[PDB]
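**Q** need a structure here:
(2 chains, ligands or ions: 2)
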2 protein chains.
Amino acid sequence: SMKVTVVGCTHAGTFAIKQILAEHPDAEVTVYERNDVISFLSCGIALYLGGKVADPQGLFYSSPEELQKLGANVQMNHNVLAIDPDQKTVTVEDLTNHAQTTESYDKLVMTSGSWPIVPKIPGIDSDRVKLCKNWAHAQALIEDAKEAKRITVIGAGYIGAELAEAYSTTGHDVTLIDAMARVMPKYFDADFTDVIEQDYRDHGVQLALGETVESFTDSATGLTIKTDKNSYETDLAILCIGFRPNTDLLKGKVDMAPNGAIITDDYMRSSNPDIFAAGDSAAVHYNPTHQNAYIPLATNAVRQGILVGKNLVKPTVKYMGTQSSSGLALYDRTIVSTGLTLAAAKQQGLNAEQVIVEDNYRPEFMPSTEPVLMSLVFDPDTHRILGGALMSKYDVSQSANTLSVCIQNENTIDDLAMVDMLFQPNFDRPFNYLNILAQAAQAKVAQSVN
Amino acid sequence: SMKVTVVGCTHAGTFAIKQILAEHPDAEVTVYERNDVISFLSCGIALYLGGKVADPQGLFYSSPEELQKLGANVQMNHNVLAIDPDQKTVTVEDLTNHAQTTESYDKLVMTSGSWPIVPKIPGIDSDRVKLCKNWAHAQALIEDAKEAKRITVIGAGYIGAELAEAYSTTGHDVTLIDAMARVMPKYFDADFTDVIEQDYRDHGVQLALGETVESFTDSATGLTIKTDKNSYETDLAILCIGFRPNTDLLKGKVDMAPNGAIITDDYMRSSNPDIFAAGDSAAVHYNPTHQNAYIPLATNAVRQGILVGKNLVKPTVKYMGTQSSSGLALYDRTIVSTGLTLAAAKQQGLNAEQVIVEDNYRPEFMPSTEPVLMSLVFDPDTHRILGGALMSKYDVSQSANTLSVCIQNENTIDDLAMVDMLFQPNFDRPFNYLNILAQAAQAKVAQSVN
Ligand SMILES: Cc1cc2nc3c(=O)[nH]c(=O)nc-3n(C[C@H](O)[C@H](O)[C@H](O)COP(=O)(O)OP(=O)(O)OC[C@H]3O[C@@H](n4cnc5c(N)ncnc54)[C@H](O)[C@@H]3O)c2cc1C
Ligand SMILES: Cc1cc2nc3c(=O)[nH]c(=O)nc-3n(C[C@H](O)[C@H](O)[C@H](O)COP(=O)(O)OP(=O)(O)OC[C@H]3O[C@@H](n4cnc5c(N)ncnc54)[C@H](O)[C@@H]3O)c2cc1C
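**A** Numbers count the residues shown, from 1 in each chain, chains lettered A, B, ... in the order given. Ligands and ions are numbered 1, 2, ... in the order given. Below is the structure in question.
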């Protein structure tokens, strides 16, 4: 029977194994995972530290026992040491006793995920510097936070943004450091990040943007972080400066993006047709640019993992690409986005323009309403929508998914300006705020012809 | 100068006039309207009677003074008595002094809307039987509600359902009478309306479904309503049994649906190329069936009004059709839908199947979560989505707009099962509930092929 080896099992491996067992019940599925746990939702780390999680056992949706019950050979606490594609073998180490074995496979599923970026900064190995990815990192931060009054987050991505907000609302002195000029520049344009950065300042968070960390120096009174512009002392530092594909097992053996992300076809097959990749270990087709990108999100992991099971024997279901749709909740604001920002679109030489619209999402005669700040990025010549974002105290998260479907179908600002959307004052004005947003883009395009 | 006559001005006429004046500033636009007010939002009637509207003056978004300021010859309190499309002339009556005039036009915009259906039932002319459409009807119900403990709603569509809910939550004894079997069967299937009808019973509303009103008889202690199965005494009866296109001015002169709705091309031109129709006076292109239908919603009126302005001279912007996307709030429940129900699809002999899913909309480890009941109607052959509905105490209204864009682009259950949507525990599971909905539809299709 067909032998399948799965390297790594958090989200992409979990969905791949379940899919393979469901559609090929005769296949021999062996899975190796360094940790003793699977299906951990890292998105809940900041939610717990922020107080919002009572039972940490709810942060798991699967288990090694469940995959075993489904018919999988589950080998937890195993570290894959080598992958031999020409001999189609794999060498694995049992971390409980160093026992090494060499096994054959017919298909290999590379779901080894990613690992945080740790730069060559002097003193970064300090015990007051912590990572924040897996369940082990979470349990450490859970116990270490009660004593760390001063928290410093290094890296102003969405993960770093969530940690700073979660620690600020729980009685900590928070400093947010990043070398980039703005917070979360991949998701939102300057109009959005200006409001968010003001929210951090209003809540006492010290913003140290545009500064590069140079050294970590430990003393009795805490950890001293020196940047090219200032110096800070903290009780704990957390690294949130991005992720790197954990694919060195296949380096030089399958085609890769410069950062190590495995390049796949539309059926999740690598350059080696017997090695599949899914999740943080792989690149994704970015629909707005029709090129590969590294977008390490759980949405890609669960989707690509399913496709691995669909296409294990032969191509069956094509990958639909992604728009990198994301959403965040910070200081009672819902901040969502999808596709390209204006900055990213121009940074990549695309013909793009932007409209910014602020409106109450539902009529004022209602008992309450709330302003929603909206952005729409579009090609001024083809009118094709390239991206969009919404920010409001009202939960506007589902509108980003509406925009994602628009971009998936390559709809224009003219499609969105008039497409049928419901009206009821409990929810919106006669035209939905997404219609109003696209009508503003039309007016900006019209203001150009005349 | 091009002379334009607009017959009727609530929503479709308001948007048409503003659009015509903006894109043809040198048009002579003359508008006649029986009422002395424009742009009244009839959806606010039930919202006020439910205590959700402090100032009823805010239920307007434009005014005759505004249209005149924009350049239009605004003739309020005028009743158009005749239209001659051959000679391109109109005959109007000034309702303030009975004065009649006769004017010519180059183009005529027929935005005469609709009027409630009044059946030939004995006693229905009683002063205790009230209509519920325009601002004059609203003021009467606002003043009568104080003296009407017992309210009887006739017609269990969305309008009557909202009135019954509004009165019942404000201390009124409510009876909901209708001859059809379910409430709002044009929007929702039985799984949804069973829960809705149960909410009415839990809140003390007397559901008189499957009953046919036979007479209204005034008595000493109010109004006696006799049906074929029961007898009711009430203080106020409100007719909510549907709407008829108010188009008798053009009967036999332009092509019409059997109910009188004016049939237009994709540019809102009637069979007479110089007469446009928009709003409740017209039939709409229904995308799920690709046929003309009568769907009197404010969403269609504001859209088709805009298209009249853009297509006044020559065809410029095509009509995108509609999905009849709608949404309501009944007893803290957000209930939204778009496209075909399974009942309506089978009633028209369409190859259609349905899947029903109930799930918590976001993970259980969050501080709170809420169940959402979901429906997806699809063609089991082509996999094309025909319609969908969602119901939850959490505001899921935006998801119906996502399904509308899906139907607009003729996406399949396979497209929706895997299309990129954001994940963050504040909003959804790793797969958005819309993804999960379409994945269950794939499962139903899969269990039939094997
Ligand atoms: C704090 C945090 C918050 C996040 N929030 C969100 C969010 O809100 N929304 C969203 O969409 N995404 C979010 N993400 C990203 C999301 O968690 C990742 O995309 C997801 O973990 C990727 O799934 P994966 O299984 O492909 O990768 P991984 O989770 O990294 O799984 C890889 C596994 O492979 C194992 N492994 C690696 N090498 C070997 C080897 N030689 N032998 C054996 N095992 C090996 C590793 O032990 C690891 O467990 C967040 C991430 C973090 C860190
Ligand atoms: C209680 C109620 C609640 C509703 N709730 C919603 C909702 O929540 N969401 C939604 O999308 N839709 C809703 N609707 C429907 C929506 O209000 C209508 O579709 C909308 O009014 C249609 O706009 P219209 O201008 O085309 O038609 P109309 O509102 O009927 O306007 C027609 C105008 O033309 C005038 N007129 C007619 N004949 C003549 C004549 N010979 N001479 C001069 N003037 C004339 C009339 O006086 C009238 O003012 C609701 C309707 C009602 C009645």
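**Q** can you say which helix or strand has the one residue in the stretch 151-300 of chain A that gets nearest to ligand 2 in it?
**A** Using CB to the nearest ligand atom, the closest approach of the stretch 151-300 of chain A to ligand 2 is made by residue A:192 at 30.7 Å. (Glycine included, C-beta is placed from N, CA and C.) Per DSSP states H and E: residue A:192 is located in helix A:190-202.
**Q** touching chain B at all, that helix?
**A** No: for a cut-off given as CB under 8 Å from any CB of the partner chain, helix A:190-202 has no contacts with chain B; the smallest distance is 15.3 Å.
**Q** so which elements touch that helix?
**A** For helix A:190-202, the packing partners by 3 or more CB pairs under 8 Å, 6 or more residues apart in numbering or on different chains; DSSP states H and E come out as helix A:158-168, strand A:206-209, strand A:333-339, strand A:371-378, strand A:385-392.
**Q** 7 Å instead, please
**A** Counting contacts by 3 or more CB pairs under 7 Å, 6 or more residues apart in numbering or on different chains; DSSP states H and E, helix A:190-202 packs against strand A:206-209, strand A:371-378, strand A:385-392.
**Q** can you say which of those is nearest to chain B?
**A** Smallest distance to chain B across these (CB to the nearest CB): 9.9 Å, for strand A:385-392.
**Q** tell me which residues touch the spatially most central residue of chain A, please.
**A** Centroid-nearest residue in chain A, with CA atoms, centre = their mean: residue A:297, separated by 3.1 Å. Listed by CB atoms under 7 Å, 6 or more residues apart in numbering or on different chains, the contact partners of residue A:297 are A:324, A:326.
**Q** and if we set it to 8 Å?
**A** When contacts are counted by CB atoms under 8 Å, 6 or more residues apart in numbering or on different chains, residue A:297 is found next to A:322, A:324, A:326, B:423.
**Q** specify the beta-bridge partners of whichever residue of the stretch 201-350 of chain A sits closest to ligand 2.
**A** Minimum separation of the stretch 201-350 of chain A from ligand 2 (CB to the nearest ligand atom) falls at residue A:334, amounting to 24.3 Å. Beta-bridge pairing for residue A:334 (DSSP bridges): residue A:329, residue A:392.
**Q** ok, back up a step: any chance of TSV for the contacts of residue A:297, columns secondary structure?
**A** Converted to TSV, these look like this (DSSP: H, G, I helix; E, B strand; the rest coil):
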residue	secondary structure
A:322	strand
A:324	coil
A:326	strand
B:423	coil
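**Q** check the stretch 1-150 of chain A for the residue nearest ligand 2 and tell me.
**A** Taking CB to the nearest ligand atom, the stretch 1-150 of chain A has residue A:52 as its residue nearest ligand 2, at 35.0 Å.
**Q** near chain B, which residues of the stretch 151-300 of chain A show up?
**A** A:287, A:297, A:298, A:299.
**Q** got a list of what the first one touches?
**A** For residue A:287, the contact set (CB under 8 Å, 6+ apart) comprises A:320, A:321, A:322, A:323, A:339, A:407, A:408, B:420.
**Q** tell me how chain A divides into domains.
**A** Using curated CATH domains, the domain ranges for chain A come out as A:1-34+A:61-113+A:245-325, A:42-59+A:114-243, A:333-445.
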